[PDB]
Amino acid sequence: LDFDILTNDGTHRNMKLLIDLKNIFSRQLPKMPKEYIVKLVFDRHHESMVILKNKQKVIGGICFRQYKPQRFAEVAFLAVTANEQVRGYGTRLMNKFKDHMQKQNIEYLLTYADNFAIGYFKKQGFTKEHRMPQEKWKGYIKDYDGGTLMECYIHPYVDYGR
């Protein structure tokens, strides 16, 4: 079981994996326009960390976008395939992601969660109250009046994915 950052480098291997991830996202986030998922997963600003089983099968992942100078990242999509849920993978994935963000010098994660997903994020340390001022991400991350913007601080010397 590996947690690798997938790069859209135009190779058959990585491309297949990103498509596989994309299909998991659309399956688990049914109300999300599939063409939109495709757009973000394959654009040049987004990266995806996948849960790789047997070094070939994608069973879940997180698609995110780093705003490097600002030191924050938005979690665009997150999911574990249905037949692999409730096995601790979702949590292991987030811990691996936080460890990576810490190494990438990212200070905060932001994500718009679906009412049903809010609980998962709260479990991972995300909160509805923000320690980061609105002015800071405004202009980089879209401000939707109809979703719940959640935030998670990534401490520079806390041991994640331990």
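Each residue number is its position in the shown sequence, starting from 1. We call the rigid core the largest set of C-alpha positions that still match within 1.5 Å between the two forms.
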Note: with structures superposed on the core, the stretch whose C-alphas sit farther off in 6 other deposited structures of this protein, 89 to 97 or 108 to 116, is 108 to 116
So which moves more in 6 other deposited structures of this protein by CA, 44 to 52 or 117 to 125, given a superposition on the core? 117 to 125
Taking only the CA atoms, which stretch has the higher mean B-factor in the record, 133 to 141 or 32 to 40? 133 to 141
Comparing 93 to 101 with 120 to 128, which has the greater mean CA B-factor as deposited? 120 to 128
Going by the deposited entry, which of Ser48, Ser26, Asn54, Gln66 has the highest CA temperature factor? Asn54
Here the Cα B-factor of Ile106, set against its chain, lands in the third termed lowest
Determine, from the deposited record, the chain-internal third of the Cα B-factor for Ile59: lowest, middle or highest. middle
Looking at the C-alpha B-factor of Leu17, is it in the lowest, middle or highest third of its chain? middle
